[PDB]
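Right, one structure below, let's go through it.
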Amino acid sequence: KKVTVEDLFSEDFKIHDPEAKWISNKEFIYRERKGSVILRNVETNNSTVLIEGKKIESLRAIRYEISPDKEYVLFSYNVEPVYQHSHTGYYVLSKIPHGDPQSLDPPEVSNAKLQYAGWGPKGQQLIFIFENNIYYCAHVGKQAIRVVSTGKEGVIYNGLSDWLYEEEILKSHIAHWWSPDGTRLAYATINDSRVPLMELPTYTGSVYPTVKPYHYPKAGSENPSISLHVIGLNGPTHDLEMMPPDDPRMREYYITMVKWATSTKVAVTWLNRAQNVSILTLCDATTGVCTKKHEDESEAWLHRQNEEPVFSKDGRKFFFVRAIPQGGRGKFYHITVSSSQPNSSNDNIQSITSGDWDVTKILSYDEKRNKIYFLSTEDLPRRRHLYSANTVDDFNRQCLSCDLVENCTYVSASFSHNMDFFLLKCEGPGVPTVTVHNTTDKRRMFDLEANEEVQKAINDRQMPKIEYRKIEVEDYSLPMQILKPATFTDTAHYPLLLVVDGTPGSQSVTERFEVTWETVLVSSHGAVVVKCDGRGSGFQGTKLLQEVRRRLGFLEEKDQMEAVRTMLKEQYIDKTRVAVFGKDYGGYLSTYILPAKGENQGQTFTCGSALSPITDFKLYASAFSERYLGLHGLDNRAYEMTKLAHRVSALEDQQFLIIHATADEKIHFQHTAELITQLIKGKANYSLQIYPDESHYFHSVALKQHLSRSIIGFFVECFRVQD
Amino acid sequence: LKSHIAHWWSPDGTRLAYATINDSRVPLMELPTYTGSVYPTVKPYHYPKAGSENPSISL
Amino acid sequence: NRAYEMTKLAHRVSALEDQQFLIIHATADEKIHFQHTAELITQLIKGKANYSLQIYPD
């Protein structure tokens, strides 16, 4: 049969995984398909049912955060994640494997939702934040202790974060990851007291409804006062702040990193407003002094500060990722080791890897084998492979995911705490499958799951064609994928649906197996689809990063049009049904590319679209507005170029759509209102569908369905050949 | 009144009626501001939302 | 308010199946606010009908 929308969202397609996380040296948890959570040691392979398939249902919970002690079970029901990573709900501490449902409440309080639920990464001390105030329970049965209280809802938060940061720096709820020992609580008290409030559309609600005031600073507007506070939750709850270091370039900073090296040595970064200088400073839980160890400086802007320097088990050597030269082709990320000398500002840095590609993050520093494990792009910028590497005397390159896991160039690892074993969960380009391993001898112990009923399910549907090529631009070899039907033919003339991403720093072109609306169109209605990574694509150099400084959106049209430039020369693409696409800036690129009139042809596309597109940065927050175009107010020049009012009057009759949501949280709705006016003016044809009060990630699924089918229900009418 | 003109002279120019309308208690309806600038500055002008109050007028 | 209830479009917006819709509403309506429209795109998208959008910013 043809793959449809309900197909994508049928449980028969549920690519499953056992949700593992390593608490001990050799034991790894793993979910059963019937809710009964199971813990598996690597060596002994023992499978334990402390959690039956039922208690998750009767409690409706989805989070189980067991303290590393395996004594109790934290639960979480009525959980409505407000953000990408956040969540909020009423939570219960119950016992392993059985215990009455005991609500973890603030002292003197009954039945309280908690801004975050979690024990410590050790023992069974816990905190739980409420009304921006962090509580602390020392052990089970104890009345908690509101160890932090300065947070006032809306603006000042404790263990929680503010507008211009937590949706333009972290994107993650967290401001509290404890130490490897758990004697202290890191928490950022960020303060939007000067950052204004976006009375963001609450277009529904009460009988006399209004909009919900929460924060909004603007391009050229201040940031909130972030910090790394560290309360020592054992004995004296001593809060010492990790303070910004000696740099006049750090006037309007951004704490963009928290890792707990050890029980006493900690690090914090400071991302300035220009985002050209940021300083990974080793701070001190016992006094706060952020010992400058390494500082990052790139004239255009700095990249990848959210990545923690994961200091060793001791807290000096922070192997930190920094881009090393790659000969004539420039600066590409390769991990460098930086020992925090006891009294140093500059560290003797020693680069682990090298080559014309970039590395991403230290998953672990293994001082046992000396064979560190890193994920990089040694094979292809579209592939992902875990390797094993020495950091002394060899800088060896040795793979645990090359030639070991079959057609799995999208691999994610979770190491047994003794570094002798690990999960490394596989994703495809086959059907995804689970792989724990034995780090010593590279022989996996057993197969945990493979989405087999899903693997079963694909074997009954039309999987279309895949093809790998490239396009040659002045300096770069731009790769190019294509997706043609299961019944593809060399002669038939097809519509065009070119996809892109657009947003500064991202890459999306991959081999991975994906079951989306894309192939649904290729099968159900015969789509010829194309992708490519070029200028504007991340993970291929700062020359590919920092070229676009003050030049967003513009050169991205040219290289993407260069793709279809090669496309239309070939026969079997229909020149009547032509369209582009993209999201989050591919929407912008879709818009920025749709009206580019051919050198000897009119509207090259018959229609287009744009998925929740970023439009304009003065309509947008401070830090993203000024990350790439020079500081707003100091240099607003590049912003007005990126305006699409500059592009609205170029459209004539090519039916161009936009999708967008109202309560959107990163791509603000007033990226639309302050652009649709311009299409209203230019008297081209716009067309919109907006979502009332629903966020940017569509926490409920049916929205994706409504999103998917509607992109289709449009495209079908667009590609119905007209009389 | 099929007019917003409700202050009625004496037809020879001696007297004048009028209305003392009072919206001091009607709830706040947000008849909003959104565009132009990128920050909103809103105009709460009230509204009868059915079940809310009707106007008292003295001459 | 049964009539007030029975006069809600929810009772009637449901039966919309394939009739092409284009809703005329600009943003800063003083009298019939944008709320009165977004209150409907809830009802439309629940009913899964097709539409485009006719909005002017203020």
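In the structure tokens, each chain is lettered A, B, ... as it comes, each chain's residues begin at 1, and ligands are numbered from 1 in order of appearance.
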
Closest contacts (chain B/chain C, max 12 Å, only C-alpha atoms) as JSON lines:
{"residue": "B:29", "atom": "CA", "partner": "C:33", "partner_atom": "CA", "distance": 9.9}
{"residue": "B:30", "atom": "CA", "partner": "C:33", "partner_atom": "CA", "distance": 8.8}
{"residue": "B:31", "atom": "CA", "partner": "C:30", "partner_atom": "CA", "distance": 5.7}
{"residue": "B:32", "atom": "CA", "partner": "C:28", "partner_atom": "CA", "distance": 6.0}
{"residue": "B:33", "atom": "CA", "partner": "C:28", "partner_atom": "CA", "distance": 6.2}
{"residue": "B:34", "atom": "CA", "partner": "C:28", "partner_atom": "CA", "distance": 7.1}
{"residue": "B:35", "atom": "CA", "partner": "C:57", "partner_atom": "CA", "distance": 6.2}
{"residue": "B:36", "atom": "CA", "partner": "C:58", "partner_atom": "CA", "distance": 8.1}
{"residue": "B:37", "atom": "CA", "partner": "C:58", "partner_atom": "CA", "distance": 11.3}
{"residue": "B:38", "atom": "CA", "partner": "C:57", "partner_atom": "CA", "distance": 11.7}
{"residue": "B:40", "atom": "CA", "partner": "C:28", "partner_atom": "CA", "distance": 11.1}
{"residue": "B:41", "atom": "CA", "partner": "C:28", "partner_atom": "CA", "distance": 11.7}
{"residue": "B:42", "atom": "CA", "partner": "C:28", "partner_atom": "CA", "distance": 9.9}
{"residue": "B:43", "atom": "CA", "partner": "C:30", "partner_atom": "CA", "distance": 9.2}
{"residue": "B:44", "atom": "CA", "partner": "C:30", "partner_atom": "CA", "distance": 10.0}
{"residue": "B:45", "atom": "CA", "partner": "C:30", "partner_atom": "CA", "distance": 8.6}
{"residue": "B:46", "atom": "CA", "partner": "C:31", "partner_atom": "CA", "distance": 10.3}
{"residue": "B:47", "atom": "CA", "partner": "C:31", "partner_atom": "CA", "distance": 8.9}
{"residue": "B:48", "atom": "CA", "partner": "C:31", "partner_atom": "CA", "distance": 11.2}
{"residue": "B:49", "atom": "CA", "partner": "C:32", "partner_atom": "CA", "distance": 11.7}
{"residue": "B:50", "atom": "CA", "partner": "C:4", "partner_atom": "CA", "distance": 9.0}
{"residue": "B:51", "atom": "CA", "partner": "C:1", "partner_atom": "CA", "distance": 9.6}

Task: Contact residues around residue 19 (chain C) with only C-alpha atoms at 9 Å, ignoring same-chain residues under 6 positions, as a ChimeraX atom specification - done: /C:49-51

Can you write out the residues you just picked, keeping C-alpha atoms, as a compact mmCIF listing (two decimals), in the first residue's frame?
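The resulting file, selection-v1.txt, is reproduced below:
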# COMPACT_ATOMS: atom_id res chain seq x y z
CA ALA C 49 -11.69 21.55 7.41
CA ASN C 50 -9.63 23.38 4.79
CA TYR C 51 -8.96 27.11 4.95

TODO: Hey, list the chain A side of the contact with chain B: 8 Å cut-off, only C-alpha atoms, answer as a list in words.
DONE: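 Putting it all together, I get residues 198, 199, 207, 208, 209, 210, 618, 619, 670, 673 and 674 of chain A.
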
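The residue that comes closest to chain A, out of C:14, C:7, C:38, C:43 and on the basis of only C-alpha atoms, is C:38.
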
Open item on the list: Could you work out which residues of chain A fall inside 12 Å of chain C? Count only C-alpha atoms, and format the result as a PyMOL selection string.
Closed with: chain A and resi 201-211+655-663+669-681+685-694+702-707+709-714+717

Task: Neighbour list for region 423-427 of chain A as a list in words, cut-off 6 Å, only C-alpha atoms, skip fewer than 4 positions in-chain - done: residues 408, 410, 411, 412, 413, 414, 432, 433, 434, 435, 436 and 437 of chain A

Write the residues of the preceding selection, restricted to N, CA, C and O atoms, as an mmCIF file, in the first residue's frame.
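Output saved as out-v7.cif:
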data_model
loop_
_atom_site.group_PDB
_atom_site.id
_atom_site.type_symbol
_atom_site.label_atom_id
_atom_site.label_comp_id
_atom_site.auth_asym_id
_atom_site.auth_seq_id
_atom_site.Cartn_x
_atom_site.Cartn_y
_atom_site.Cartn_z
ATOM 1 N N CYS A 408 24.595 1.721 10.314
ATOM 2 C CA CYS A 408 24.178 2.592 11.402
ATOM 3 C C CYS A 408 25.179 3.722 11.480
ATOM 4 O O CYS A 408 26.091 3.701 12.312
ATOM 5 N N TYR A 410 24.163 6.614 12.376
ATOM 6 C CA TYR A 410 23.474 7.521 13.288
ATOM 7 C C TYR A 410 23.433 6.843 14.649
ATOM 8 O O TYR A 410 22.420 6.243 15.020
ATOM 9 N N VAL A 411 24.526 6.951 15.397
ATOM 10 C CA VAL A 411 24.734 6.131 16.582
ATOM 11 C C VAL A 411 24.890 7.027 17.804
ATOM 12 O O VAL A 411 25.496 8.103 17.746
ATOM 13 N N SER A 412 24.314 6.576 18.919
ATOM 14 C CA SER A 412 24.356 7.286 20.190
ATOM 15 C C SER A 412 24.754 6.317 21.295
ATOM 16 O O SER A 412 24.235 5.199 21.379
ATOM 17 N N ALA A 413 25.665 6.765 22.157
ATOM 18 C CA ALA A 413 26.355 5.860 23.063
ATOM 19 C C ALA A 413 26.007 6.188 24.506
ATOM 20 O O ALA A 413 25.729 7.340 24.849
ATOM 21 N N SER A 414 26.019 5.151 25.345
ATOM 22 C CA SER A 414 25.890 5.290 26.788
ATOM 23 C C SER A 414 26.775 4.243 27.452
ATOM 24 O O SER A 414 26.495 3.043 27.381
ATOM 25 N N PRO A 432 15.978 0.655 12.901
ATOM 26 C CA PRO A 432 16.818 0.891 14.081
ATOM 27 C C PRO A 432 16.786 -0.288 15.042
ATOM 28 O O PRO A 432 15.781 -0.988 15.162
ATOM 29 N N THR A 433 17.907 -0.505 15.729
ATOM 30 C CA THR A 433 18.077 -1.634 16.630
ATOM 31 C C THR A 433 18.959 -1.224 17.803
ATOM 32 O O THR A 433 19.799 -0.333 17.682
ATOM 33 N N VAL A 434 18.774 -1.887 18.941
ATOM 34 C CA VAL A 434 19.470 -1.542 20.176
ATOM 35 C C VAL A 434 20.737 -2.378 20.278
ATOM 36 O O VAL A 434 20.710 -3.586 20.021
ATOM 37 N N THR A 435 21.846 -1.731 20.641
ATOM 38 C CA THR A 435 23.125 -2.409 20.793
ATOM 39 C C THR A 435 23.849 -1.915 22.040
ATOM 40 O O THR A 435 24.446 -0.837 22.046
ATOM 41 N N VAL A 436 23.810 -2.728 23.092
ATOM 42 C CA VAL A 436 24.736 -2.620 24.212
ATOM 43 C C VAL A 436 26.019 -3.296 23.761
ATOM 44 O O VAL A 436 26.007 -4.054 22.785
ATOM 45 N N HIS A 437 27.124 -3.025 24.441
ATOM 46 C CA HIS A 437 28.397 -3.572 24.003
ATOM 47 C C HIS A 437 29.297 -3.888 25.185
ATOM 48 O O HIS A 437 28.987 -3.573 26.337
#

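Look at residue 541 (chain A): the protein and nucleic acid residues within 7 Å of it, using only C-alpha atoms and passing over chain neighbours fewer than 4 places away, are residues 331, 332, 358 and 545 of chain A.
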
Go ahead and dump the residues you just picked, N, CA, C and O atoms, as an mmCIF file, in the first residue's frame.
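Wrote selection_5.cif, looks like this:
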data_model
loop_
_atom_site.group_PDB
_atom_site.id
_atom_site.type_symbol
_atom_site.label_atom_id
_atom_site.label_comp_id
_atom_site.auth_asym_id
_atom_site.auth_seq_id
_atom_site.Cartn_x
_atom_site.Cartn_y
_atom_site.Cartn_z
ATOM 1 N N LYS A 331 39.498 25.816 9.758
ATOM 2 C CA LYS A 331 39.284 25.504 11.164
ATOM 3 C C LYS A 331 38.092 24.566 11.331
ATOM 4 O O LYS A 331 36.945 24.938 11.063
ATOM 5 N N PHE A 332 38.374 23.346 11.781
ATOM 6 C CA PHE A 332 37.351 22.342 12.040
ATOM 7 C C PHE A 332 37.591 21.737 13.417
ATOM 8 O O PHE A 332 38.735 21.501 13.818
ATOM 9 N N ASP A 358 35.097 18.095 11.659
ATOM 10 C CA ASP A 358 34.877 18.694 12.970
ATOM 11 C C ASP A 358 34.336 17.658 13.945
ATOM 12 O O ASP A 358 33.577 16.767 13.550
ATOM 13 N N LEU A 545 30.600 28.425 8.995
ATOM 14 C CA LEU A 545 29.853 29.139 10.027
ATOM 15 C C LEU A 545 29.907 30.645 9.823
ATOM 16 O O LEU A 545 28.890 31.281 9.523
#

TODO: Determine which residues of chain B DSSP labels as strand (DSSP E) from the backbone of this structure, then write them out as a list in words.
DONE: residues 30, 31, 43 and 44 of chain B

Residue selection dump (N, CA, C and O atoms) as a short mmCIF file (atom, residue, chain, number, x, y, z; two decimals), in the first residue's frame:
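File produced: part.cif:
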data_model
loop_
_atom_site.label_atom_id
_atom_site.label_comp_id
_atom_site.auth_asym_id
_atom_site.auth_seq_id
_atom_site.Cartn_x
_atom_site.Cartn_y
_atom_site.Cartn_z
N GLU B 30 -9.67 43.33 26.80
CA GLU B 30 -8.44 43.68 26.10
C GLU B 30 -8.72 43.77 24.61
O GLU B 30 -8.71 42.76 23.91
N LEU B 31 -9.02 44.99 24.14
CA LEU B 31 -9.08 45.26 22.69
C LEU B 31 -7.69 45.69 22.24
O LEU B 31 -7.33 46.86 22.38
N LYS B 43 -4.90 48.88 24.59
CA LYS B 43 -5.98 49.82 24.84
C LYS B 43 -7.13 49.09 25.49
O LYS B 43 -8.11 48.78 24.80
N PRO B 44 -7.11 48.81 26.78
CA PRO B 44 -8.28 48.15 27.37
C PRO B 44 -9.47 49.10 27.38
O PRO B 44 -9.59 50.00 28.21
#

Open item on the list: Between A:275, A:48, A:158, A:125, which residue has the minimum interatomic distance to residue 31 (chain A), considering only C-alpha atoms?
Closed with: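 That would be A:48, the residue with the smallest distance to residue 31 (chain A).
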
Task: Shell of 10 Å around region 235-241 of chain A, only C-alpha atoms, local chain residues under 4 positions omitted, as a list in words - done: residues 136, 147, 148, 183, 184, 185, 186, 187, 188, 227, 228, 229, 230, 231, 283, 284, 285, 286, 287, 288, 289 and 290 of chain A

Task: All residues 8 Å or closer to residue 22 (chain B), only C-alpha atoms, same chain fewer than 6 positions away omitted, as a list in words - done: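 The residues satisfying every condition are residues 55, 56 and 57 of chain B.
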
Atoms kept (N, CA and C atoms) for selection, written as a compact mmCIF listing (two decimals), in the first residue's frame:
# COMPACT_ATOMS: atom_id res chain seq x y z
N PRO B 55 -25.72 49.77 30.16
CA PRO B 55 -25.39 51.15 30.54
C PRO B 55 -26.56 51.88 31.19
N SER B 56 -26.25 52.61 32.26
CA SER B 56 -27.21 53.49 32.90
C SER B 56 -27.00 54.91 32.40
N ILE B 57 -28.08 55.60 32.04
CA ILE B 57 -28.00 56.91 31.42
C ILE B 57 -28.99 57.86 32.08

- [ ] Kindly give the distance, in Å, that separates CA of residue 494 (chain A) and CA of residue 573 (chain A), rounded to a single decimal.
- [x] 4.9 Å

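Here CA of residue 7 (chain A) is placed at a distance of 21.1 Å from CA of residue 511 (chain A).
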
Return as a PDB file with N, CA, C and O atoms, in the first residue's frame the full set of residues in chain C whose backbone-based DSSP assignment is helix (DSSP H, G or I).
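Result written to selection04.pdb:
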ATOM      1  N   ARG C   2     -29.184  28.519  26.838  1.00  0.00           N
ATOM      2  CA  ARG C   2     -29.247  27.414  25.887  1.00  0.00           C
ATOM      3  C   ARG C   2     -29.183  27.931  24.457  1.00  0.00           C
ATOM      4  O   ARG C   2     -28.432  27.400  23.629  1.00  0.00           O
ATOM      5  N   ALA C   3     -29.963  28.970  24.152  1.00  0.00           N
ATOM      6  CA  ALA C   3     -29.830  29.643  22.865  1.00  0.00           C
ATOM      7  C   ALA C   3     -28.425  30.203  22.695  1.00  0.00           C
ATOM      8  O   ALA C   3     -27.799  30.028  21.645  1.00  0.00           O
ATOM      9  N   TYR C   4     -27.907  30.876  23.728  1.00  0.00           N
ATOM     10  CA  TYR C   4     -26.514  31.308  23.701  1.00  0.00           C
ATOM     11  C   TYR C   4     -25.585  30.131  23.442  1.00  0.00           C
ATOM     12  O   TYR C   4     -24.613  30.249  22.688  1.00  0.00           O
ATOM     13  N   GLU C   5     -25.875  28.983  24.051  1.00  0.00           N
ATOM     14  CA  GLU C   5     -25.110  27.784  23.738  1.00  0.00           C
ATOM     15  C   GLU C   5     -25.396  27.314  22.321  1.00  0.00           C
ATOM     16  O   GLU C   5     -24.466  27.056  21.549  1.00  0.00           O
ATOM     17  N   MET C   6     -26.675  27.222  21.954  1.00  0.00           N
ATOM     18  CA  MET C   6     -27.034  26.726  20.630  1.00  0.00           C
ATOM     19  C   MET C   6     -26.614  27.688  19.527  1.00  0.00           C
ATOM     20  O   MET C   6     -26.569  27.299  18.355  1.00  0.00           O
ATOM     21  N   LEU C   9     -20.876  28.609  17.279  1.00  0.00           N
ATOM     22  CA  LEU C   9     -20.503  28.005  16.009  1.00  0.00           C
ATOM     23  C   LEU C   9     -20.067  26.557  16.164  1.00  0.00           C
ATOM     24  O   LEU C   9     -20.203  25.783  15.212  1.00  0.00           O
ATOM     25  N   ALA C  10     -19.562  26.181  17.344  1.00  0.00           N
ATOM     26  CA  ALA C  10     -19.136  24.806  17.587  1.00  0.00           C
ATOM     27  C   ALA C  10     -20.203  23.809  17.158  1.00  0.00           C
ATOM     28  O   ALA C  10     -19.897  22.785  16.536  1.00  0.00           O
ATOM     29  N   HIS C  11     -21.464  24.098  17.478  1.00  0.00           N
ATOM     30  CA  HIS C  11     -22.552  23.244  17.022  1.00  0.00           C
ATOM     31  C   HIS C  11     -22.634  23.206  15.503  1.00  0.00           C
ATOM     32  O   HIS C  11     -22.974  22.165  14.930  1.00  0.00           O
ATOM     33  N   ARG C  12     -22.324  24.316  14.836  1.00  0.00           N
ATOM     34  CA  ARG C  12     -22.546  24.401  13.399  1.00  0.00           C
ATOM     35  C   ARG C  12     -21.255  24.365  12.593  1.00  0.00           C
ATOM     36  O   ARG C  12     -21.257  23.878  11.459  1.00  0.00           O
ATOM     37  N   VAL C  13     -20.145  24.862  13.144  1.00  0.00           N
ATOM     38  CA  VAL C  13     -18.893  24.806  12.402  1.00  0.00           C
ATOM     39  C   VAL C  13     -18.465  23.369  12.147  1.00  0.00           C
ATOM     40  O   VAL C  13     -17.693  23.110  11.216  1.00  0.00           O
ATOM     41  N   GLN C  35      -9.306  37.524  18.975  1.00  0.00           N
ATOM     42  CA  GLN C  35      -9.795  36.412  19.776  1.00  0.00           C
ATOM     43  C   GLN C  35     -11.002  35.749  19.135  1.00  0.00           C
ATOM     44  O   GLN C  35     -11.084  34.521  19.082  1.00  0.00           O
ATOM     45  N   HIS C  36     -11.943  36.545  18.631  1.00  0.00           N
ATOM     46  CA  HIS C  36     -13.157  35.983  18.048  1.00  0.00           C
ATOM     47  C   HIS C  36     -12.847  35.139  16.819  1.00  0.00           C
ATOM     48  O   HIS C  36     -13.687  34.365  16.360  1.00  0.00           O
ATOM     49  N   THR C  37     -11.652  35.289  16.257  1.00  0.00           N
ATOM     50  CA  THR C  37     -11.278  34.452  15.124  1.00  0.00           C
ATOM     51  C   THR C  37     -10.458  33.249  15.567  1.00  0.00           C
ATOM     52  O   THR C  37     -10.781  32.112  15.217  1.00  0.00           O
ATOM     53  N   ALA C  38      -9.382  33.477  16.325  1.00  0.00           N
ATOM     54  CA  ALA C  38      -8.577  32.359  16.810  1.00  0.00           C
ATOM     55  C   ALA C  38      -9.424  31.389  17.623  1.00  0.00           C
ATOM     56  O   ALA C  38      -9.151  30.186  17.645  1.00  0.00           O
ATOM     57  N   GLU C  39     -10.463  31.890  18.284  1.00  0.00           N
ATOM     58  CA  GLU C  39     -11.450  31.009  18.894  1.00  0.00           C
ATOM     59  C   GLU C  39     -12.082  30.082  17.859  1.00  0.00           C
ATOM     60  O   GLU C  39     -12.644  29.040  18.211  1.00  0.00           O
ATOM     61  N   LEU C  40     -11.964  30.409  16.571  1.00  0.00           N
ATOM     62  CA  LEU C  40     -12.577  29.556  15.557  1.00  0.00           C
ATOM     63  C   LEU C  40     -11.573  28.586  14.958  1.00  0.00           C
ATOM     64  O   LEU C  40     -11.895  27.418  14.733  1.00  0.00           O
ATOM     65  N   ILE C  41     -10.353  29.047  14.672  1.00  0.00           N
ATOM     66  CA  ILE C  41      -9.357  28.126  14.130  1.00  0.00           C
ATOM     67  C   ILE C  41      -9.169  26.930  15.055  1.00  0.00           C
ATOM     68  O   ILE C  41      -8.834  25.829  14.608  1.00  0.00           O
ATOM     69  N   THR C  42      -9.436  27.107  16.346  1.00  0.00           N
ATOM     70  CA  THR C  42      -9.642  25.942  17.196  1.00  0.00           C
ATOM     71  C   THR C  42     -10.739  25.051  16.635  1.00  0.00           C
ATOM     72  O   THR C  42     -10.521  23.860  16.395  1.00  0.00           O
ATOM     73  N   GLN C  43     -11.922  25.618  16.401  1.00  0.00           N
ATOM     74  CA  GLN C  43     -13.049  24.820  15.935  1.00  0.00           C
ATOM     75  C   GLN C  43     -12.806  24.256  14.540  1.00  0.00           C
ATOM     76  O   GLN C  43     -13.164  23.107  14.264  1.00  0.00           O
ATOM     77  N   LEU C  44     -12.214  25.045  13.640  1.00  0.00           N
ATOM     78  CA  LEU C  44     -11.911  24.525  12.312  1.00  0.00           C
ATOM     79  C   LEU C  44     -10.960  23.346  12.391  1.00  0.00           C
ATOM     80  O   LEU C  44     -11.252  22.267  11.866  1.00  0.00           O
ATOM     81  N   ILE C  45      -9.815  23.533  13.040  1.00  0.00           N
ATOM     82  CA  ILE C  45      -8.782  22.506  13.013  1.00  0.00           C
ATOM     83  C   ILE C  45      -9.238  21.271  13.780  1.00  0.00           C
ATOM     84  O   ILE C  45      -8.844  20.143  13.465  1.00  0.00           O
ATOM     85  N   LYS C  46     -10.121  21.455  14.762  1.00  0.00           N
ATOM     86  CA  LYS C  46     -10.780  20.294  15.349  1.00  0.00           C
ATOM     87  C   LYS C  46     -11.623  19.569  14.310  1.00  0.00           C
ATOM     88  O   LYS C  46     -11.570  18.340  14.203  1.00  0.00           O
ATOM     89  N   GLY C  47     -12.399  20.313  13.528  1.00  0.00           N
ATOM     90  CA  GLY C  47     -13.170  19.750  12.438  1.00  0.00           C
ATOM     91  C   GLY C  47     -12.381  19.409  11.196  1.00  0.00           C
ATOM     92  O   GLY C  47     -12.937  18.833  10.258  1.00  0.00           O
TER      93      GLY C  47
END

- [ ] Compile the contact shell of residue 602 (chain A) as JSON, numbers by chain: residues with an atom at most 12 Å away, counting only C-alpha atoms, same-chain residues fewer than 2 positions apart removed.
- [x] {"A": [575, 576, 594, 595, 596, 597, 598, 599, 600, 604, 605, 606, 650, 651, 652, 653, 654]}

Selection to disk with N, CA, C and O atoms, as a short mmCIF file (atom, residue, chain, number, x, y, z; two decimals), in the first residue's frame:
data_model
loop_
_atom_site.label_atom_id
_atom_site.label_comp_id
_atom_site.auth_asym_id
_atom_site.auth_seq_id
_atom_site.Cartn_x
_atom_site.Cartn_y
_atom_site.Cartn_z
N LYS A 575 8.46 20.64 -15.49
CA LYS A 575 8.67 22.08 -15.36
C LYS A 575 7.38 22.83 -15.07
O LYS A 575 7.41 24.06 -14.93
N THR A 576 6.25 22.13 -14.98
CA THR A 576 4.98 22.76 -14.63
C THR A 576 4.70 22.75 -13.14
O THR A 576 4.16 23.73 -12.62
N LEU A 594 11.75 31.06 -3.30
CA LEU A 594 10.59 30.88 -4.16
C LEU A 594 10.46 31.89 -5.30
O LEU A 594 10.13 31.46 -6.42
N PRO A 595 10.69 33.19 -5.11
CA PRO A 595 10.46 34.14 -6.21
C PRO A 595 11.68 34.42 -7.06
O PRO A 595 11.58 35.26 -7.97
N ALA A 596 12.82 33.79 -6.80
CA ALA A 596 13.99 34.06 -7.61
C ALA A 596 13.74 33.63 -9.05
O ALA A 596 13.71 32.44 -9.36
N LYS A 597 13.55 34.62 -9.92
CA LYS A 597 13.11 34.42 -11.29
C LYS A 597 14.26 33.93 -12.15
O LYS A 597 15.38 34.46 -12.09
N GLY A 598 13.97 32.91 -12.96
CA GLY A 598 15.01 32.28 -13.75
C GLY A 598 15.61 33.20 -14.79
O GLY A 598 14.95 34.09 -15.33
N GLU A 599 16.89 32.97 -15.08
CA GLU A 599 17.63 33.86 -15.98
C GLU A 599 16.93 34.03 -17.32
O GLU A 599 17.05 35.09 -17.94
N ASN A 600 16.20 33.01 -17.78
CA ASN A 600 15.41 33.17 -18.99
C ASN A 600 14.01 32.58 -18.85
O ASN A 600 13.37 32.27 -19.86
N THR A 604 9.85 30.12 -11.52
CA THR A 604 10.37 28.77 -11.72
C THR A 604 9.55 27.75 -10.96
O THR A 604 9.42 26.60 -11.39
N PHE A 605 8.97 28.15 -9.83
CA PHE A 605 8.11 27.29 -9.03
C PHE A 605 6.65 27.59 -9.35
O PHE A 605 6.31 28.72 -9.73
N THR A 606 5.80 26.59 -9.18
CA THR A 606 4.36 26.81 -9.29
C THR A 606 3.74 27.15 -7.94
O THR A 606 2.74 27.86 -7.88
N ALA A 650 8.24 40.94 -4.91
CA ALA A 650 8.78 40.12 -5.99
C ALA A 650 7.86 38.97 -6.37
O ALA A 650 8.00 38.42 -7.47
N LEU A 651 6.93 38.59 -5.50
CA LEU A 651 6.02 37.49 -5.80
C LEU A 651 4.86 38.01 -6.64
O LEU A 651 4.38 39.12 -6.42
N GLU A 652 4.41 37.21 -7.61
CA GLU A 652 3.32 37.68 -8.45
C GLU A 652 2.05 36.86 -8.31
O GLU A 652 1.02 37.37 -7.86
N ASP A 653 2.11 35.57 -8.68
CA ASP A 653 0.95 34.69 -8.57
C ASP A 653 1.29 33.26 -8.17
O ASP A 653 0.37 32.44 -8.07
N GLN A 654 2.56 32.93 -7.96
CA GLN A 654 2.89 31.60 -7.48
C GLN A 654 2.34 31.39 -6.08
O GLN A 654 2.79 32.02 -5.12
#

Open item on the list: Please report the interatomic distance between CA of residue 130 (chain A) and CA of residue 149 (chain A) in Å with one decimal.
Closed with: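 Interatomic distance, CA of residue 130 (chain A) to CA of residue 149 (chain A): 9.3 Å.
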